[PDB]
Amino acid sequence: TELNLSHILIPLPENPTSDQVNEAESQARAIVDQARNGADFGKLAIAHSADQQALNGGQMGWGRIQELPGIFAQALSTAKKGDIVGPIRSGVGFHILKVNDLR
């Protein structure tokens, strides 16, 4: 399976305090809600993502499910086109993914 994904990263420092974690999670959940309710995901990435693909709407292009970080592949086990998944926690922060296409 392959997925065409867009991604948003809400960053966290290396050893975050519980307050820092909670604040990042809050922002990420708000973004997930805005996206599910129809907000342009690319614009959300441009405005909030800390990753290198932020300016290009967080577009990650086509990827093989077996090459995605395990925590992302697991969260996308039943995803369908248009779905917003997350927030997903990793050592770098909270991640939000949008399924643009699948094949």
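Residue indices: 1-based, along the sequence shown.
Subject >> Stretch exceeding the other in mean C-alpha B-factor - 11-19, 90-98 >> reply: Per the deposited B-factors, the answer is 11-19.
**OP:** Using only the Cα atoms and their B-factors as the entry lists them, report which of 42-50 and 66-74 averages higher.
**Re:** According to the PDB entry, the answer is 42-50.
**OP:** Using the B-factors in the PDB entry, rank residue 31's C-alpha atom against the chain and give the third, lowest, middle or highest.
**Re:** For residue 31, whose C-alpha B-factor we compare with every modelled residue in the chain, the answer is the middle third.
Subject >> Third assignment of residue 79 from its chain's C-alpha B-factors >> reply: Its C-alpha B-factor, which the entry lists for residue 79, ranks in the highest third among residues of this chain.
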